[PDB]
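Report on one structure; see the data block that follows.
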Amino acid sequence: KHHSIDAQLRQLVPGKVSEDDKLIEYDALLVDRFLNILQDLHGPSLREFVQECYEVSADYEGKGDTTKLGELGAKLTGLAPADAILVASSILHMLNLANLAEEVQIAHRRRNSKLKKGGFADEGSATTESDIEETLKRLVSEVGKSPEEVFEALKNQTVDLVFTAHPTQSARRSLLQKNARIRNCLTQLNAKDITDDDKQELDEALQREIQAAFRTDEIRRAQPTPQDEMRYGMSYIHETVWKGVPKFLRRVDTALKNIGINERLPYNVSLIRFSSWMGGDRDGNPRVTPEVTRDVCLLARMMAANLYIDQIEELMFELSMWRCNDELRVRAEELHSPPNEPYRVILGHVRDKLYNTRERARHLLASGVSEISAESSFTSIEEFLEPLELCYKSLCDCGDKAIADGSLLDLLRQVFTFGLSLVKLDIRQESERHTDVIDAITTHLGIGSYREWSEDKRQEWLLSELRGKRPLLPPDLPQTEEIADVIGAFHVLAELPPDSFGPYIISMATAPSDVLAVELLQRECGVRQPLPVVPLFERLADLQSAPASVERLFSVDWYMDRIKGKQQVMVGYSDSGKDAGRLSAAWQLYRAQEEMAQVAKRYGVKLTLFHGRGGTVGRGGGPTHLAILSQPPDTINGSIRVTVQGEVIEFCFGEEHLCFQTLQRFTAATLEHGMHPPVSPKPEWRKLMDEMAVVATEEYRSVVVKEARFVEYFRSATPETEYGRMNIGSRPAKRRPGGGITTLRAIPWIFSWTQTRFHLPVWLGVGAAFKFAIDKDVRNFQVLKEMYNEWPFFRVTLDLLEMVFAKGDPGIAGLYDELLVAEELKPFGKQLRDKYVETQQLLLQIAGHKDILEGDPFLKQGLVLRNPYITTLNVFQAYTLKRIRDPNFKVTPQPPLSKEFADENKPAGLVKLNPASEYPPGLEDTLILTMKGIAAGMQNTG
Amino acid sequence: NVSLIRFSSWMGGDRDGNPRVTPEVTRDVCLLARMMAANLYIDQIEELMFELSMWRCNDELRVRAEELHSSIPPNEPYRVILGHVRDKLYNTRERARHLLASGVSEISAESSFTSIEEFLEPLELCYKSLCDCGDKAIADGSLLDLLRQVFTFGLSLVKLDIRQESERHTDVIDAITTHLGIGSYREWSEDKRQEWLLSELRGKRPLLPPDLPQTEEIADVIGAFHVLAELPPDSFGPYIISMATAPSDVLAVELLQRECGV
Amino acid sequence: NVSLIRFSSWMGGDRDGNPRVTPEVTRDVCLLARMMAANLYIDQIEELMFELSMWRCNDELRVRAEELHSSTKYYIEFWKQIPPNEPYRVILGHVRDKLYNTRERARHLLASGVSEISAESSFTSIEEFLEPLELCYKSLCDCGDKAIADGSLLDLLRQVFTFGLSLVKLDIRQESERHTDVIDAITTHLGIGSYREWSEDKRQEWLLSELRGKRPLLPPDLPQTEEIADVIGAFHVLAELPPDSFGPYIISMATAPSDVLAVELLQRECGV
């Protein structure tokens, strides 16, 4: 081929969105270079085919035929298995390149204050939100709080970001580094004062990096063990966050000086923390064994030690001073047991104790045992801090605090942020697995069946045991495999250091018994320092009952003694939305938070909420700013935890500057809310929300639960069946086979509908609710409009729906139907699509927008440039599903299209992603590729 | 295989009215015993290697001997297998050395002899191979001596008797009963004691609280049982109750043994 | 393979009017150079390991990679065993371990004069070091990835052909009369006469009679002053170190062809 992809992108976007907008030129730059590398490696006919694919798909977005995708499907059908994998591979790489360009454009975009319109709506986009200094200034200047009050608030604030597995692709450090080199070359190529020779060489470097990324095929490395999954998960901490935290904390120092506070934020401030679910969450995942949990704790300790060893070595090089404390001098010469460099000999000792600490962990991991003594290593953060604080005090004593406030201060901030394990591990298990244990205990003792007892009979008995001083768990207790897994986990918790763990989380929590049950089990299995117990209220019924549950827990003397004035509660968004639709789930959650908070205030407990997957707070790219500000008043008060989904971890943390802005907005929003809460809801707002909720729930359950043919439609129109059967997703897709959607799990629910571009779980029920309110009273349309403009809760909830509609396409969802759904159920499909378009139309009306995402052109531009690649994979997926499912459906087989090489074990190559494949060679790898790429393009939805 | 004569000892085991015999002393003396035993076996095996110079051997011995080649001379099969036994004996000894010095050993239990039966398998293999080849006369010499030594001394030379006073147990159980609000086992008649003790021994539910307030003496009693629980069974003989009076003194120790995890 | 630019050193080699610069000082700077060389290479190899994650390679590289999977713990990066489907990483990890041995051997020779770390475990010549690197270069090109080869791997190859295994080559310098002092000591000891008093032509005629002859000259019994022993000892140090470590032998205050041929004889008669 000859011509560039520039033209087909221009016709997708209505112009430049800012006058430093070079995104389309970036996209064209990288993919034009990719296609040339593709042509030189595999021949012009292959490169021409891939580019034609892209053009058909880009043109469909320009105006949605559907006729053109079917003939695209016709050509992709009948490619040989090797050519299908190569095409799918190339389109995925192009999509990755587009995302890299977008990161570069966001990172170096010149701030433009003229875009701000004032008010809370500005905090929904990165282009208009307020940095840490602007929010500090607003607090002192508009809210009227003292700089001293702001300084004190920051000192008592902690934001805790919780990392979770990616649903389709791990990221190794190697590739993150290949990503950074592609980004760096693109930035440097666009410098103003560029020489021709530098440009020629930077061009050759860019082509080189793109080809290296294309010939590693990280795409086709077959899904890793849970330990590897955790190791690759830490890559972003290694590559951006580790150096990011000290950089941002230094900007906080800058900001408070700029409001009159002339001292730095003390280095012992846990302003930001990081936690992990990888190796800890075992809810419905038996691959996560007690040994896996021990393994990830030891791995974390190794990686920490390595990062510290290198920081300390760079620090030794810098601190060549000779003037020092008396106390530092006595210790320096003690360790001489070059001497004129006292900071160097202290830090060299720390480095060796760090090597011991890492080797000890490596041995415990390999052998279960290590003769390397705990004496020889660092066993506490206190023992690690002592030498570093000695050096800080010494350098200040001799008048060089300026030096100490360089990288030594950075290192101290890193120790108080990451500790010795980088992240703390959350443990999670479902409530009935605990009931199974206790029921085995009660019947073995002949006490009865805890399963059959009332909720209050349970409470009465468990409180009798907890107040009692006599053990309970028999050592000869007959255990099943599941019961042994729960007991074994607790034994692993007992054997490991307390600072390795965060909370123990109870999935499907319903009643105070679920919490007290694990308190008992923790003690009875020998956890001498118990973990805090955290309920996860998922269903609507449980959210309704949640404030009562926690009030009865707070009414118990024993429990108040144990929790010492602090309680954590986790709330689920996608969980609750799967129960009774999103809109009702959102409103029930707001109220549950509201009521839990005053229950908490009444008993004098500090309540912390942990926001699970699917939350508006989870949109870490920018909208999280407004989403946090929109939380009910007095719900945060300096302490909050948020799930960082894998599908957005690259967008938030892949790039140095974006990592900075992600950390910044979480800390700013959280700080401001505690001193500047949102408007309290009006009565007519509540009343309308209440009535809308019943209509939305009834509409959601009428289609999802009460319609017999729904499940059969679901497994035809989506790749849900193949997602499960294939080698992706790590987990069993549902709890028991064949109980409908009830036993299906949140991730497959959202994943399967997002792949088809339909997004049913996010919006269903909302159209009925809006229509019901408009029809009930003509004045209700104006009150919903006012709610969207005046009530942050209502704005962020529909802003999410708008974004997911921007990511949807009824034509493509209909193509899945046309190909894969039985004739008798196609009318049901088009009725769901009728609900889709009716919901979108009224959502736009209430927001006052003419077309989707009017008012966020930046987000609109970023999404639309992905669709050419996503749509290509959508057509590929649909036709691959029909041939997978229908054994003698074919069309014309085509002669091979790519060129290279008689070297290669061609058959073994079609099957990299799952060599034990039970599907015909090439189909499983082609379907996984479409799934990976569609997931990469869609990122966060519901 | 006839244990016609055996040896035991009270040194490091008998603690009746002797507080310097602590749980750690008992752990030390059993580990020392295992080191001495290994040394005496290494010397016996080495002199036996010198002796067993012949090349004729069993089918079963021969493929074992050449298996161990894939790891001096090959044409001496009994020397190859006995050299392997010497190697593990060195491992046994060093592992005990490490457990004595640091409480834990990176020298794996598989690298060593953990049983008397594992140690006897190679030796009985030679005995059967010598006799199979018409060399029983040779087998009934030094090798027979060593087998009789294994069946007499084991891997600890002597087994360790444990001994402790009647009322030091009663003190522990009275601390348990008082703490749970049961009453005072100390004031109960012998019959009341028996009926309660069998209540607990027939029961399936644990008893000893982890938070139980212990005096130094009660802690010493509990700590001794924990050491017994952590060491191999073949290192010990009996638990002896001094000043024993009634069946409750016995059943009380049986309860405490179980409740401390032996 | 073009050494368009090279670097040399006088530090530890120039002893002209500088008795602080002893034979053992020369031995020491040569070993230090080899240590830092090894350290710079270990870092370059490690970051090259991070980059070369490809799985396609030629047949020769694959059989070699397979071999080295038949035998990585005391490093920070790549402490875990390296999978065989990452061939360039397997080869380069072996290169790193031979470089570690290279460095440790030099550290031991410096501390104790001897090292139980074999020369076989190490890189003793730059040709032995170049073979694994060029194997990766041609495999990368064999499989159509010359563009990748011409990245950091090409940088590393140019560094090997620029710096070698000693970073810099050492120039030795010493003044000409210190050599005449040596030769006069042995002409007098053997009863031949006094090389100092001979004219330039008599010196030449005699030096070349010895240079063309096949019989050794320097007695081990020779009465040496401290200055004479220093010149002799320097030559012995040259004889016991690898040739790649040195550049030229420079004669200060040179005046006549005798000054050159005298050092050529002393070089041979001290066993270089």
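Numbering starts fresh at 1 for the residues of each chain in the structure tokens, the chains themselves are lettered A, B, ... in the order given, and ligands are numbered from 1 as they appear.
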
Query raised in the report: If you count only C-alpha atoms, which residues fall within 12 Å of region 831-835 of chain A, apart from same-chain ones fewer than 2 positions away, as a ChimeraX atom specification?
Result: /A:699-700,702-704,710,713-714,717,757-761,763-771,808-815,817,825-829,837-842

What are the closest atom pairs, with distances in Å to one decimal, for each residue of chain C lying within 6 Å of chain A, using only C-alpha atoms, rows by chain and rising residue number, as JSON lines?
```
{"residue": "C:50", "atom": "CA", "partner": "A:174", "partner_atom": "CA", "distance": 5.6}
{"residue": "C:53", "atom": "CA", "partner": "A:216", "partner_atom": "CA", "distance": 5.7}
{"residue": "C:54", "atom": "CA", "partner": "A:216", "partner_atom": "CA", "distance": 4.6}
{"residue": "C:147", "atom": "CA", "partner": "A:208", "partner_atom": "CA", "distance": 5.8}
{"residue": "C:148", "atom": "CA", "partner": "A:208", "partner_atom": "CA", "distance": 5.7}
```

Query raised in the report: Residues of region 171-266 of chain C in alpha helix (DSSP H) according to DSSP, as JSON, numbers by chain?
Result: {"C": [176, 177, 178, 179, 180, 181, 182, 183, 184, 185, 186, 187, 188, 189, 200, 201, 202, 203, 204, 205, 206, 207, 208, 209, 210, 211, 212, 226, 227, 228, 229, 230, 231, 232, 233, 234, 235, 236, 237, 238, 239, 240, 257, 258, 259, 260, 261, 262, 263, 264, 265, 266]}

Query - Non-local contacts of region 27-30 of chain C (8 Å; only C-alpha atoms; under 5 positions in same chain excluded) as a list in words - result: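 The residues that qualify are residues 11, 12, 110, 166, 170, 237, 241 and 245 of chain C.
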
Include C-alpha atoms and write out the residues we just selected as an mmCIF file, in the first residue's frame.
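Output contents, as saved in part_36.cif:
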```cif
data_model
loop_
_atom_site.group_PDB
_atom_site.id
_atom_site.type_symbol
_atom_site.label_atom_id
_atom_site.label_comp_id
_atom_site.auth_asym_id
_atom_site.auth_seq_id
_atom_site.Cartn_x
_atom_site.Cartn_y
_atom_site.Cartn_z
ATOM 1 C CA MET C 11 48.115 6.529 34.916
ATOM 2 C CA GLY C 12 50.005 3.651 36.493
ATOM 3 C CA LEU C 110 44.159 -8.078 43.248
ATOM 4 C CA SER C 166 40.116 -3.210 29.988
ATOM 5 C CA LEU C 170 47.992 1.331 29.286
ATOM 6 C CA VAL C 237 54.816 -7.581 35.230
ATOM 7 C CA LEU C 241 49.547 -9.867 32.170
ATOM 8 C CA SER C 245 46.013 -4.528 28.498
#
```

Would you pick out the contacts of residue 27 (chain B) at 12 Å or less, using only C-alpha atoms, so that residues sharing its chain but fewer than 2 positions from it are not included, and give the list as a PDB file with N, CA, C and O atoms, in the first residue's frame?
```pdb
ATOM      1  N   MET B  11      18.463 -38.163  82.320  1.00  0.00           N
ATOM      2  CA  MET B  11      19.247 -36.934  82.357  1.00  0.00           C
ATOM      3  C   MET B  11      18.725 -35.977  81.295  1.00  0.00           C
ATOM      4  O   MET B  11      18.826 -36.254  80.095  1.00  0.00           O
ATOM      5  N   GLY B  12      18.184 -34.842  81.739  1.00  0.00           N
ATOM      6  CA  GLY B  12      17.453 -33.944  80.879  1.00  0.00           C
ATOM      7  C   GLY B  12      15.970 -34.230  80.793  1.00  0.00           C
ATOM      8  O   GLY B  12      15.238 -33.438  80.188  1.00  0.00           O
ATOM      9  N   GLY B  13      15.503 -35.331  81.379  1.00  0.00           N
ATOM     10  CA  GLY B  13      14.093 -35.663  81.369  1.00  0.00           C
ATOM     11  C   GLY B  13      13.425 -35.529  82.722  1.00  0.00           C
ATOM     12  O   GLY B  13      12.332 -34.965  82.825  1.00  0.00           O
ATOM     13  N   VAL B  21      15.928 -28.199  85.002  1.00  0.00           N
ATOM     14  CA  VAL B  21      15.550 -29.021  83.859  1.00  0.00           C
ATOM     15  C   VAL B  21      14.360 -28.357  83.180  1.00  0.00           C
ATOM     16  O   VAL B  21      13.204 -28.593  83.552  1.00  0.00           O
ATOM     17  N   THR B  22      14.635 -27.512  82.201  1.00  0.00           N
ATOM     18  CA  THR B  22      13.636 -26.721  81.503  1.00  0.00           C
ATOM     19  C   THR B  22      13.226 -27.405  80.211  1.00  0.00           C
ATOM     20  O   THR B  22      13.856 -28.376  79.780  1.00  0.00           O
ATOM     21  N   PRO B  23      12.152 -26.934  79.563  1.00  0.00           N
ATOM     22  CA  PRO B  23      11.828 -27.474  78.229  1.00  0.00           C
ATOM     23  C   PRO B  23      12.988 -27.397  77.247  1.00  0.00           C
ATOM     24  O   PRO B  23      13.188 -28.328  76.458  1.00  0.00           O
ATOM     25  N   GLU B  24      13.774 -26.317  77.290  1.00  0.00           N
ATOM     26  CA  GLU B  24      14.891 -26.179  76.358  1.00  0.00           C
ATOM     27  C   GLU B  24      15.988 -27.191  76.658  1.00  0.00           C
ATOM     28  O   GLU B  24      16.652 -27.686  75.738  1.00  0.00           O
ATOM     29  N   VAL B  25      16.198 -27.507  77.938  1.00  0.00           N
ATOM     30  CA  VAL B  25      17.167 -28.542  78.290  1.00  0.00           C
ATOM     31  C   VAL B  25      16.755 -29.876  77.680  1.00  0.00           C
ATOM     32  O   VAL B  25      17.586 -30.608  77.127  1.00  0.00           O
ATOM     33  N   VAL B  29      18.945 -32.123  74.925  1.00  0.00           N
ATOM     34  CA  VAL B  29      19.523 -33.428  75.228  1.00  0.00           C
ATOM     35  C   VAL B  29      19.109 -34.467  74.191  1.00  0.00           C
ATOM     36  O   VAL B  29      19.862 -35.411  73.920  1.00  0.00           O
ATOM     37  N   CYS B  30      17.929 -34.311  73.582  1.00  0.00           N
ATOM     38  CA  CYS B  30      17.512 -35.249  72.541  1.00  0.00           C
ATOM     39  C   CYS B  30      18.232 -34.968  71.231  1.00  0.00           C
ATOM     40  O   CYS B  30      18.525 -35.894  70.466  1.00  0.00           O
ATOM     41  N   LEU B  31      18.521 -33.695  70.949  1.00  0.00           N
ATOM     42  CA  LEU B  31      19.292 -33.350  69.757  1.00  0.00           C
ATOM     43  C   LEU B  31      20.750 -33.774  69.900  1.00  0.00           C
ATOM     44  O   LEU B  31      21.355 -34.266  68.940  1.00  0.00           O
ATOM     45  N   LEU B  32      21.335 -33.585  71.087  1.00  0.00           N
ATOM     46  CA  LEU B  32      22.682 -34.088  71.331  1.00  0.00           C
ATOM     47  C   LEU B  32      22.742 -35.601  71.152  1.00  0.00           C
ATOM     48  O   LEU B  32      23.685 -36.127  70.549  1.00  0.00           O
ATOM     49  N   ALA B  33      21.740 -36.315  71.672  1.00  0.00           N
ATOM     50  CA  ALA B  33      21.724 -37.768  71.550  1.00  0.00           C
ATOM     51  C   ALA B  33      21.748 -38.199  70.089  1.00  0.00           C
ATOM     52  O   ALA B  33      22.405 -39.185  69.733  1.00  0.00           O
ATOM     53  N   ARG B  34      21.048 -37.460  69.225  1.00  0.00           N
ATOM     54  CA  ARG B  34      20.990 -37.828  67.816  1.00  0.00           C
ATOM     55  C   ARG B  34      22.311 -37.549  67.105  1.00  0.00           C
ATOM     56  O   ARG B  34      22.659 -38.250  66.148  1.00  0.00           O
ATOM     57  N   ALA B  96      20.754 -31.955  62.959  1.00  0.00           N
ATOM     58  CA  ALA B  96      20.582 -31.842  64.404  1.00  0.00           C
ATOM     59  C   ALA B  96      21.461 -30.736  64.969  1.00  0.00           C
ATOM     60  O   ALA B  96      21.039 -29.989  65.861  1.00  0.00           O
ATOM     61  N   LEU B  99      19.574 -27.463  64.146  1.00  0.00           N
ATOM     62  CA  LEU B  99      18.412 -27.307  65.015  1.00  0.00           C
ATOM     63  C   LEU B  99      18.828 -26.976  66.442  1.00  0.00           C
ATOM     64  O   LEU B  99      18.118 -26.247  67.146  1.00  0.00           O
ATOM     65  N   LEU B 100      19.973 -27.502  66.882  1.00  0.00           N
ATOM     66  CA  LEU B 100      20.484 -27.181  68.208  1.00  0.00           C
ATOM     67  C   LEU B 100      20.964 -25.737  68.280  1.00  0.00           C
ATOM     68  O   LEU B 100      20.717 -25.044  69.273  1.00  0.00           O
ATOM     69  N   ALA B 101      21.641 -25.266  67.229  1.00  0.00           N
ATOM     70  CA  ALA B 101      22.262 -23.948  67.265  1.00  0.00           C
ATOM     71  C   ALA B 101      21.263 -22.825  67.000  1.00  0.00           C
ATOM     72  O   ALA B 101      21.340 -21.766  67.633  1.00  0.00           O
ATOM     73  N   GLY B 103      17.572 -23.452  66.057  1.00  0.00           N
ATOM     74  CA  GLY B 103      16.171 -23.810  66.094  1.00  0.00           C
ATOM     75  C   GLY B 103      15.612 -24.297  64.776  1.00  0.00           C
ATOM     76  O   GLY B 103      14.459 -24.753  64.735  1.00  0.00           O
ATOM     77  N   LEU B 160      14.426 -41.161  76.293  1.00  0.00           N
ATOM     78  CA  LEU B 160      14.419 -40.244  77.425  1.00  0.00           C
ATOM     79  C   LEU B 160      13.122 -40.390  78.210  1.00  0.00           C
ATOM     80  O   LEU B 160      12.034 -40.163  77.669  1.00  0.00           O
ATOM     81  N   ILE B 162      10.538 -38.968  80.874  1.00  0.00           N
ATOM     82  CA  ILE B 162      10.099 -37.692  81.428  1.00  0.00           C
ATOM     83  C   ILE B 162       9.443 -37.970  82.772  1.00  0.00           C
ATOM     84  O   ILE B 162       8.714 -38.958  82.921  1.00  0.00           O
ATOM     85  N   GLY B 223       5.082 -25.818  78.833  1.00  0.00           N
ATOM     86  CA  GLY B 223       6.180 -25.738  77.886  1.00  0.00           C
ATOM     87  C   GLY B 223       6.825 -27.084  77.633  1.00  0.00           C
ATOM     88  O   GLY B 223       7.234 -27.389  76.508  1.00  0.00           O
ATOM     89  N   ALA B 224       6.914 -27.911  78.672  1.00  0.00           N
ATOM     90  CA  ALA B 224       7.484 -29.242  78.508  1.00  0.00           C
ATOM     91  C   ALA B 224       6.650 -30.076  77.538  1.00  0.00           C
ATOM     92  O   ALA B 224       7.192 -30.727  76.638  1.00  0.00           O
ATOM     93  N   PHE B 225       5.321 -30.048  77.695  1.00  0.00           N
ATOM     94  CA  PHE B 225       4.448 -30.795  76.790  1.00  0.00           C
ATOM     95  C   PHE B 225       4.585 -30.304  75.351  1.00  0.00           C
ATOM     96  O   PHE B 225       4.534 -31.106  74.410  1.00  0.00           O
ATOM     97  N   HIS B 226       4.760 -28.988  75.161  1.00  0.00           N
ATOM     98  CA  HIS B 226       4.931 -28.444  73.816  1.00  0.00           C
ATOM     99  C   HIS B 226       6.228 -28.935  73.181  1.00  0.00           C
ATOM    100  O   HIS B 226       6.253 -29.278  71.993  1.00  0.00           O
ATOM    101  N   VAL B 227       7.310 -28.999  73.961  1.00  0.00           N
ATOM    102  CA  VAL B 227       8.556 -29.573  73.459  1.00  0.00           C
ATOM    103  C   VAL B 227       8.357 -31.033  73.067  1.00  0.00           C
ATOM    104  O   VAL B 227       8.835 -31.476  72.016  1.00  0.00           O
ATOM    105  N   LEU B 228       7.655 -31.805  73.902  1.00  0.00           N
ATOM    106  CA  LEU B 228       7.362 -33.193  73.550  1.00  0.00           C
ATOM    107  C   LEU B 228       6.590 -33.274  72.240  1.00  0.00           C
ATOM    108  O   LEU B 228       6.822 -34.176  71.423  1.00  0.00           O
ATOM    109  N   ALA B 229       5.665 -32.332  72.024  1.00  0.00           N
ATOM    110  CA  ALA B 229       4.848 -32.341  70.816  1.00  0.00           C
ATOM    111  C   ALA B 229       5.674 -32.048  69.571  1.00  0.00           C
ATOM    112  O   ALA B 229       5.336 -32.524  68.481  1.00  0.00           O
ATOM    113  N   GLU B 230       6.766 -31.296  69.714  1.00  0.00           N
ATOM    114  CA  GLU B 230       7.567 -30.846  68.582  1.00  0.00           C
ATOM    115  C   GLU B 230       8.671 -31.818  68.177  1.00  0.00           C
ATOM    116  O   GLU B 230       9.281 -31.621  67.120  1.00  0.00           O
ATOM    117  N   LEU B 231       8.952 -32.846  68.969  1.00  0.00           N
ATOM    118  CA  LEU B 231      10.082 -33.731  68.718  1.00  0.00           C
ATOM    119  C   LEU B 231       9.614 -35.108  68.255  1.00  0.00           C
ATOM    120  O   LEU B 231       8.446 -35.466  68.434  1.00  0.00           O
ATOM    121  N   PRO B 232      10.493 -35.905  67.646  1.00  0.00           N
ATOM    122  CA  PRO B 232      10.067 -37.212  67.116  1.00  0.00           C
ATOM    123  C   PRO B 232       9.680 -38.163  68.234  1.00  0.00           C
ATOM    124  O   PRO B 232      10.313 -38.174  69.302  1.00  0.00           O
ATOM    125  N   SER B 235      12.179 -40.528  70.381  1.00  0.00           N
ATOM    126  CA  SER B 235      13.193 -40.005  71.284  1.00  0.00           C
ATOM    127  C   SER B 235      12.832 -40.197  72.747  1.00  0.00           C
ATOM    128  O   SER B 235      13.705 -40.051  73.613  1.00  0.00           O
ATOM    129  N   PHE B 236      11.583 -40.544  73.044  1.00  0.00           N
ATOM    130  CA  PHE B 236      11.078 -40.553  74.405  1.00  0.00           C
ATOM    131  C   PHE B 236      10.688 -41.959  74.825  1.00  0.00           C
ATOM    132  O   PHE B 236      10.451 -42.842  73.997  1.00  0.00           O
TER     133      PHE B 236
END
```

Polymer residues at most 8 Å from residue 319 (chain A), only C-alpha atoms, same-chain spacing of 4 or more positions, as a compact mmCIF listing (two decimals) with N, CA and C atoms, in the first residue's frame:
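The resulting file, around_36.txt, is reproduced below:
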```txt
# COMPACT_ATOMS: atom_id res chain seq x y z
N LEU A 315 21.50 6.84 46.98
CA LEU A 315 21.63 7.80 48.07
C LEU A 315 23.04 7.82 48.64
N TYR A 343 27.76 9.01 56.54
CA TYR A 343 26.48 8.62 55.97
C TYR A 343 26.61 7.40 55.07
N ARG A 344 27.76 7.26 54.39
CA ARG A 344 27.93 6.14 53.48
C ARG A 344 28.08 4.83 54.24
```

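Residue list for chain A within 8 Å of chain B: residues 367, 369, 370, 371, 444, 445, 468, 469, 470, 471, 472, 473, 474 and 475 of chain A, counting only C-alpha atoms.
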
Any chance you could export the current selection's N, CA, C and O atoms as an mmCIF file, in the first residue's frame?
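That gives us selection.cif:
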```
data_model
loop_
_atom_site.group_PDB
_atom_site.id
_atom_site.type_symbol
_atom_site.label_atom_id
_atom_site.label_comp_id
_atom_site.auth_asym_id
_atom_site.auth_seq_id
_atom_site.Cartn_x
_atom_site.Cartn_y
_atom_site.Cartn_z
ATOM 1 N N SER A 367 11.886 -22.903 50.010
ATOM 2 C CA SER A 367 12.128 -24.030 50.893
ATOM 3 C C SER A 367 11.190 -24.118 52.089
ATOM 4 O O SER A 367 11.243 -25.116 52.819
ATOM 5 N N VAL A 369 11.762 -22.526 54.613
ATOM 6 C CA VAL A 369 12.692 -22.420 55.730
ATOM 7 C C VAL A 369 13.857 -21.524 55.325
ATOM 8 O O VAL A 369 14.244 -21.470 54.154
ATOM 9 N N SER A 370 14.411 -20.803 56.302
ATOM 10 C CA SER A 370 15.619 -20.020 56.055
ATOM 11 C C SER A 370 16.417 -19.895 57.343
ATOM 12 O O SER A 370 15.903 -19.397 58.348
ATOM 13 N N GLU A 371 17.675 -20.342 57.298
ATOM 14 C CA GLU A 371 18.611 -20.151 58.400
ATOM 15 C C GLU A 371 19.108 -18.713 58.503
ATOM 16 O O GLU A 371 19.818 -18.390 59.462
ATOM 17 N N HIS A 444 -20.351 -31.625 64.915
ATOM 18 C CA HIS A 444 -19.329 -32.533 65.436
ATOM 19 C C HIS A 444 -19.343 -32.560 66.958
ATOM 20 O O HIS A 444 -19.130 -33.612 67.571
ATOM 21 N N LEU A 445 -19.585 -31.413 67.585
ATOM 22 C CA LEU A 445 -19.683 -31.356 69.037
ATOM 23 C C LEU A 445 -21.034 -31.827 69.556
ATOM 24 O O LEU A 445 -21.191 -31.974 70.774
ATOM 25 N N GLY A 468 -16.854 -16.146 76.201
ATOM 26 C CA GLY A 468 -16.240 -17.244 76.917
ATOM 27 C C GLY A 468 -14.743 -17.302 76.676
ATOM 28 O O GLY A 468 -14.206 -16.703 75.740
ATOM 29 N N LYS A 469 -14.068 -18.056 77.549
ATOM 30 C CA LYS A 469 -12.621 -18.192 77.510
ATOM 31 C C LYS A 469 -12.165 -19.600 77.127
ATOM 32 O O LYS A 469 -10.975 -19.902 77.228
ATOM 33 N N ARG A 470 -13.056 -20.436 76.591
ATOM 34 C CA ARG A 470 -12.725 -21.815 76.279
ATOM 35 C C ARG A 470 -12.696 -22.029 74.775
ATOM 36 O O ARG A 470 -13.645 -21.638 74.079
ATOM 37 N N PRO A 471 -11.650 -22.668 74.248
ATOM 38 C CA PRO A 471 -11.564 -22.908 72.797
ATOM 39 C C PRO A 471 -12.686 -23.809 72.297
ATOM 40 O O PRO A 471 -13.466 -24.374 73.068
ATOM 41 N N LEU A 472 -12.752 -23.962 70.970
ATOM 42 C CA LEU A 472 -13.895 -24.629 70.352
ATOM 43 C C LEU A 472 -13.515 -25.586 69.226
ATOM 44 O O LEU A 472 -14.043 -26.701 69.154
ATOM 45 N N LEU A 473 -12.615 -25.172 68.347
ATOM 46 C CA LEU A 473 -12.286 -25.926 67.135
ATOM 47 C C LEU A 473 -11.560 -27.230 67.443
ATOM 48 O O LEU A 473 -10.408 -27.188 67.893
ATOM 49 N N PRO A 474 -12.159 -28.391 67.195
ATOM 50 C CA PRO A 474 -11.477 -29.662 67.478
ATOM 51 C C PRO A 474 -10.326 -29.891 66.518
ATOM 52 O O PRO A 474 -10.426 -29.568 65.324
ATOM 53 N N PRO A 475 -9.215 -30.458 66.999
ATOM 54 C CA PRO A 475 -8.102 -30.776 66.090
ATOM 55 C C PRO A 475 -8.386 -31.965 65.187
ATOM 56 O O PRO A 475 -7.735 -32.105 64.145
#
```
